[PDB]
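Residue numbers (the deposited numbering), protein chains in the order written: chain C, 1 to 103; chain B, 1 to 103; chain A, 1 to 103; chain D, 1 to 103.
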């Protein structure tokens with residue numbers, strides 16, 4: 001991997017760490033909410049997966065008394081990580097010059 | 001500290017302003033709309049937060065009488081904000097050149 | 001104004017064109033297909049809005065007969081338009097170079 | 001014919017291949033899971049198509065035994081290919097230099 005590519009890879013790993021925290025706060029961010037739906041720790045992790053990828057299909061979601069920000073904060077983490085990889089995108093075309101002479 | 005970083009932070013503040021304004025109109029927009037499902041100022045901001053992210057997740061959703069344009073404005077506002085910050089991400093790759101010099 | 005702003009602005013108008021065509025085909029694509037729930041002409045236009053800017057909260061759900069491609073194509077068109085302006089977004093930081101010299 | 005378009009266009013081709021392979025897994029993955037909703041085979045690709053566009057819309061949703069990773073894999077696959085196109089797009093502002101000269 002390239003220097004810039006390594007940075008993007010590092011950012012991806014950071015997102016995974018957040019999911020672990022999301023899976024937890026998710027259990028508590030429901031146990032005691034009006035109309036709750038996200039219960040159980042084994043299933044709470046799965047919900048965490050479908051959200052950090054900026055894809056809120058639905059399935060399960062936090063209420064209000066459970067700091068709705070629980071999901072918002074987790075999702076935002078993904079935006080920054082997937083947004084940083086840009087440093088590796090703006091260089092995607094730049095290589096065209098190297099490809100010209102095969103540098 | 002830099003000059004593009006501050007501009008990016010300012011854009012984030014603008015998004016929050018819209019959400020606050022969205023909550024006001026959002027509630028009023030619903031008042032009179034069928035199947036609104038969205039009412040009350042205290043929960044108006046809650047639905048507004050997911051709207052800016054365009055994620056929506058699956059909490060609520062406006063109707064047609066509430067001038068759907070109400071969401072379109074908020075959803076579009078969020079997308080533009082998370083895009084302008086590119087001014088600080090488009091320079092991420094450029095830093096590689098500065099590192100080469102070591103100054 | 002920058003030649004990128006005017007170019008990006010033009011792209012926005014192109015997105016609206018698809019919605020107009022989508023508002024129609026959507027009625028027919030849904031009017032006559034099984035499991036359809038779109039129908040209605042004044043309601044079809046409203047659906048053809050938030051869908052373009054992704055979101056997925058079109059407030060509806062097309063089946064298969066309605067040539068899902070009806071919505072798929074609409075959503076994709078938004079990505080191209082929203083992704084095209086990316087050019088104007090890049091030149092964002094580039095302006096910093098001029099700030100250094102104050103030119 | 002702009003090498004950037006060839007690379008970007010090529011990425012889209014790989015996206016279609018994933019949907020075909022993923023579609024067969026989605027239906028199979030959904031089978032055997034509790035509360036399965038995606039039991040369709042011919043329409044399995046249809047759901048996969050919207051999945052690659054990272055939207056979900058609101059047609060169907062994977063369970064937990066369907067190795068949610070199945071749906072998650074398609075979403076990431078779409079982001080990579082589309083995100084890569086950022087190359088030709090990021091190079092959009094660069095062309096300004098040629099336009100500035102007039103040839």
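C-beta atoms are modelled at their ideal positions from N, C-alpha and C, and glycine is treated no differently.
The continuous alpha helix (DSSP H) containing residue 42(B) extends over residues 41-52. The beta carbons of residue 51(D) and residue 83(D) sit no closer together than 9 Å.
For residue 31(B), the secondary structure class from DSSP, reduced to helix, strand or coil, is coil. Residues 85, 88 of the same chain have their beta carbon placed closer than 6 Å to that of residue 8(C), with the five preceding and five following residues left out of the count. The beta carbon of residue 6(C) does not come within 9 Å of any beta carbon belonging to chain D, so the residue lies off that interface. Not a single CB atom of chain C sits nearer than 9 Å to the CB of residue 101(B). With contact defined as three or more Cβ pairs closer than 8 Å, the segment 22-42 of chain A and the segment 37-49 of chain B are not in contact. Shown here, residue 38(A) sits in coil according to DSSP, grouped into three states, outside any helix or strand. Nearest C-alpha to residue 67(C) among 34(C), 101(C), 91(C): 34(C). Of the residues assessed, residue 29(A) falls on the buried side of the cut-off, its CB having 16 or more other CB atoms within 10 angstroms.
Per DSSP, reduced to three states, the secondary structure at residue 89(C) is coil, with no helix or strand assignment.
Residue environment analysis places residue 102(C) among the exposed positions, since fewer than 16 neighbouring C-beta atoms fall within 10 angstroms of its C-beta.
Look at residue 95(C) here: in three-state DSSP terms it is helix. Distance from the CA of residue 5(A) to the CA of residue 36(C), rounded to the nearest whole angstrom, comes to 46 Å. Considering only 81(A), 57(A), 72(A), the residue with the shortest C-alpha distance to residue 13(A) is 81(A).
Ranking 77(C), 32(C), 47(C) by CA distance to the CA of residue 53(B) puts 77(C) first. For the segment 48-62 of chain C, the residues whose beta carbon sits under 9 Å from a beta carbon of chain D are, in order, 49, 50, 53, 54, 55, 56, 57, 58, 59.
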